[PDB]
Amino acid sequence: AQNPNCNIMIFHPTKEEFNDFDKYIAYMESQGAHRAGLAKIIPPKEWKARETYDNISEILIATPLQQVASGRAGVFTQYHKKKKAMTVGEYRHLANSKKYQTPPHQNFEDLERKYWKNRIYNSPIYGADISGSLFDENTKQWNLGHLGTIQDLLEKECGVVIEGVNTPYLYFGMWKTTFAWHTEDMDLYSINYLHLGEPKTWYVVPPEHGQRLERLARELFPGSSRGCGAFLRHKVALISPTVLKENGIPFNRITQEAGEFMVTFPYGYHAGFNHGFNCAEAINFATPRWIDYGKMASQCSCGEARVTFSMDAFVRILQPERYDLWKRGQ
Ligand SMILES: [NH3+]NC(=O)CCCc1nn[nH]n1
Ligand SMILES: [Cl-]
Ligand code: NI
Ligand SMILES: [Zn+2]
C-alpha cells in the first residue's frame, strides 16, 4: 500500500509529464498521494502561468470580506462582513499598510505560531470567489481555465448530459486571511495555484480519517452542530494544530509558495491562512475515482451553505433520494 502514513507528497513533473493533466493526477494517486488529502506540484522550470503580473491592479474586488472571529485562539468561528468594493491595487496597498501587514518573523514556523496566537484579535479583509483567471490563454499546460469540466466527467462516466459550467475563481489575500475547515462541494477535488505574493499555509486531514475531524468539530462547536448535520460545509470553523494534536486527530501541514500548485483530493478536509498579500486561483475538478465520493458526500440542507447552480445536477443525478431536501435548502 502506497503512502500508508498519509504524508503530503511533493511532485516535480517534467515538461513532458506536465502535458496530460488527468494522466498526472492518476500517476500521483498511483504513488499514494491522495491518502494525504493534499499534494504539492512544482511545475517544471520551462513553464510559466503568464508573462507578468504587472497589469493586474485594475481587477475589481466587488465585495471584499472582513473575517471577524469569535471564540478562543485555537477554536473559533469567523463571519464575513461585506465591505465596499475596491481594486486589486487598492487592496494590495491596504494589505501592506501598517494595520494589516505581516509582522516581522524568523521563518514559516514563527509566523505560524503568531497566526494561531493572535488571529482572533484582528479582522483581515479578503477577496474571495472572484470569477476569473490569470492564466494566459497561450499557457497550454495546467491552465486552470482549460481543464475538463466536471459536467463532462459525469457524462463520460455515467452517460447523462447535464447542465452547468465549471470556471475558476481568484482569491486576493493578506496576512491572517483564513480558509476554514472544509471539504469541497460534493467532495470534489480542487486545484490551487499561487500566482503571486506571499505564502499560503495549509492543514489537511487524510480522507480516511475525515470523520475524526467531524466528530471533534461537533464537540467543539455544539450549537453549530445542532443547527446542521453538515455544518463544516458552512466554511466558518477553525481548529488549531495544537487542538487537533491534543485530540489525536491525524493531520499534516505544508506551506505553498508562489509558483506552486496544490491539489486537494476527494474528502480531504483542509484549512489554512495567508502570510501576506497574495493572489491565488482555484477550481474544482473530477476524475473517475471521484464519482463514488460524490454519491456519498454529505450535504448541508439547513440553508446556510450557499446557493450553488452547478451543484444541483450533481445532487440530482448522484443523490436522488436527497435531492428534494437539499433543494428545499437552496
Ligand atoms: N480548495 N481550496 C481552498 O480551500 C483554498 C482556496 C484559496 C483560498 N485562499 N484563501 N482562501 N481561499
Ligand atoms: Cl501577529
Ligand atoms: Ni477548498
Ligand atoms: Zn447547514
Side-chain angles (χ1 to χ4, degrees), residues 6 37-38 65-82 115-116 119-121 123 126 128-129 176-188 190 202-253 264-273 284 292-308 311-312 314-315 318-319 321-330:
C6 300
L38 180 71
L65 303 175
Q66 184 171 216
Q67 303 187 290
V68 179
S70 302
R72 65 183 175 97
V75 181
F76 64 89
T77 60
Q78 63 185 6
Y79 90 89
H80 295 174
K81 180 177 177 183
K82 293 182 184 164
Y115 172 84
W116 294 107
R119 157 70 187 97
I120 64 164
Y121 303 112
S123 297
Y126 89 137
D129 300 322
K176 280 175 177 170
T177 295
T178 300
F179 52 108
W181 283 107
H182 67 292
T183 63
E184 302 308 305
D185 293 338
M186 291 293 275
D187 295 344
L188 283 155
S190 73
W202 298 65
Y203 302 93
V204 60
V205 174
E208 69 202 63
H209 301 305
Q211 294 82 357
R212 295 184 182 218
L213 181 74
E214 292 172 352
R215 179 175 157 293
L216 180 62
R218 296 189 309 263
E219 297 162 357
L220 294 182
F221 304 96
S224 302
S225 185
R226 281 184 291 271
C228 181
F231 79 94
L232 291 175
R233 306 188 167 283
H234 305 168
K235 304 190 338 167
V236 298
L238 280 299
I239 305 164
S240 70
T242 296
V243 176
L244 290 180
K245 282 212 164 330
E246 291 176 344
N247 289 279
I249 307 307
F251 76 96
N252 286 112
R253 74 194 87 195
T264 81
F265 297 86
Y267 196 64
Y269 274 101
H270 54 287
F273 67 88
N284 299 122
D292 286 353
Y293 288 87
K295 290 176 180 170
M296 295 182 353
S298 67
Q299 313 290 162
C300 162
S301 306
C302 74
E304 281 304 297
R306 9 140 46 166
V307 157
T308 61
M311 295 258 115
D312 184 282
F314 306 158
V315 182
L318 297 181
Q319 301 187 18
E321 187 267 331
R322 295 179 166 177
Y323 182 68
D324 283 344
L325 178 68
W326 175 81
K327 197 58 186 280
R328 281 174 264 143
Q330 296 295 292

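All values below were derived from every heavy atom in this structure, side-chain atoms included, with hydrogens, water molecules and symmetry-related copies excluded. In this chain, numbering begins with 1 at the start of the sequence shown.
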Does the side chain of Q299 pick up a donor-acceptor pair with the side chain of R233 at under 3.5 Å?
no
What I'd like to find out is whether the side chain of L318 reaches to under 4.5 Å of the side chain of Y293, using heavy atoms alone.
no
When you check the side-chain N and O atoms of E214 and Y269, is any donor under 3.5 Å from an acceptor?
yes
Just how far is it from atom OG1 of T242 to atom CH2 of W116, taken to the nearest 0.5 Å?
9.0 Å
Rounded at 0.5 Å granularity, tell me how far CG in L38 sits from OG1 in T264.
7.0 Å
Enter the distance from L213:CG to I239:CD1 here, rounded to the nearest 0.5 Å.
5.0 Å
Taking the side chain as every heavy atom from C-beta outward, state whether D185 and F314 have any pair of such atoms under 4.5 Å apart.
no
Counting distance only, does the side-chain N/O of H270 pair as donor-acceptor with the main-chain N or O of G268 below 3.5 Å?
yes
What is the distance from atom CZ of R119 to atom CD of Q67, rounded to the nearest 0.5 Å?
5.5 Å
What about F273 and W202, are their ring centers closer than 6.0 Å?
no
May I ask you to decide if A180's main-chain N or O and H182's side chain share a donor-acceptor pair within less than 3.5 Å?
yes
Can you confirm whether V315 sits close enough to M186 that some side-chain heavy atom of one is under 4.5 Å from a side-chain heavy atom of the other?
yes
Would you say the ring centers of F251 and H209 fall short of 6.0 Å from each other?
no
Quick one, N252 and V205 - any side-chain contact, counting heavy atoms below 4.5 Å?
no
Distance-minimising heavy-atom pair for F231 and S225
CD2-CA, 3.7 Å
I249 and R215, any side-chain heavy atoms less than 4.5 Å apart:
no
State, to 0.1 Å, how close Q319 and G294 come at their nearest heavy-atom pair, and which atoms those are.
NE2-O, 2.8 Å
Quick one: pull up OG in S123 and CD in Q66 and give me the separation to the nearest 0.5 Å.
5.0 Å
Answer whether the closest heavy-atom distance between the side chains of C6 and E208 falls below 4.5 Å.
yes
Do the side chains of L238 and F179 get nearer than 4.5 Å, heavy atoms only?
no
Considering all heavy atoms, the nearest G74-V243 contact:
O-CG2, 3.9 Å
Answer yes when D292 and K295 have at least one side-chain N-carboxylate O distance shorter than 4.0 Å, and no when they do not.
yes
Could you state the interatomic distance from CD (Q330) to OH (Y323), rounded to the nearest 0.5 Å?
9.0 Å
Just so I know, are the side chains of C302 and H234 near enough to count as touching, which here means a heavy-atom distance under 4.5 Å?
yes
Do we see a donor-acceptor contact under 3.5 Å between the side chains of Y115 and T178?
yes
Nearest heavy-atom neighbours spanning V204 and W181:
N-CH2, 4.0 Å
